[PDB]
């Protein structure tokens, strides 16, 4: 069973998705307790040109918001910005609010996206946060407000809320404190993403998955120390490898030390030639050590 991207189940999250419209703008929000959070650009008069958010808020009329789960309509009793998110106090507590926390995702970490269309959950898939604070997902007009979440040992953390797409196609969102990942502005502007730095952690994990799957052609039987690799990485847009401790059970299971995979990376970064790994034509950094271990052995 090769390496494919998965999402954790979505059932705890689905009951919290609501439809939010204001003016001609429609998107999704997240309903926990007596509050609904959604991108603040929903109250903007024209999201196509620069927005003066202070003015849009001063002119705001609460009864112009339409917030709904299905046939359930939520009166908005107040609205305030919390960074790039709008927080709407509403007249009903969501009876299906799951127990949860909030946290921010770091470069190289994976999480789940529940893509929603006008208030209706549509799909779910796994993503991985890139160094510049963007993700390579799949969002179309109307998916703003979609929610990113991760479950860790029974704890549900909400971690992302979708805002916009960069000119280069990458996707940008915020955490629930309202800080935009990557620092990008919620405006129609020419901001650039910048150069992305590959996660060595995840690429080493990708190669272990390939070994476990029966592909070993990139195996060198020559090992590169963690220090030599790290100096090489600072100069080739890859992150410094923490320690080799995260791969202990993977190295034991395949018989390949991390240092041999490090040597494989330096060589494979030159180019796969006419060969592939897990059907990819180049190194993949989308899978974390923990994703691979669960997917390959399932002990989580």
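Numbering follows the first chain given and starts at 1.
Undergrad: If you average the CA temperature factors as listed in the entry, which stretch comes out higher, 218 to 226 or 86 to 94?
TA: Result: 218 to 226.
Undergrad: Tell me which stretch has the larger mean Cα B-factor in this entry, 157 to 165 or 182 to 190.
TA: Result of the comparison: 182 to 190.
Undergrad: Specify which of 27, 57, 32, 233 carries the largest Cα B factor in the deposited PDB entry.
TA: Comparing C-alpha B-factors across 27, 57, 32, 233, the top value belongs to 233.
Undergrad: Please say which third, lowest, middle or highest, residue 40 falls into when its CA temperature factor is compared across its chain.
TA: It falls in the bottom third of the chain.
Undergrad: Splitting the chain's C-alpha B-factors into thirds, which one does residue 140 fall into?
TA: It belongs to the highest third of the chain when residues are ordered by C-alpha B-factor.
Undergrad: Sorting the chain's modelled residues by C-alpha B-factor, tell me whether residue 78 ends up in the lowest, middle or highest third.
TA: Its C-alpha B-factor belongs to the middle third of this chain's values.
Undergrad: Please place residue 110 in the lowest, middle or highest third of its chain according to the CA B-factor in the PDB entry.
TA: Tercile = lowest for this residue's CA B-factor.
Undergrad: Can you tell me which third, lowest, middle or highest, the CA B-factor of residue 195 falls into for its chain?
TA: For residue 195, the deposited C-alpha B-factor lands in the highest third.
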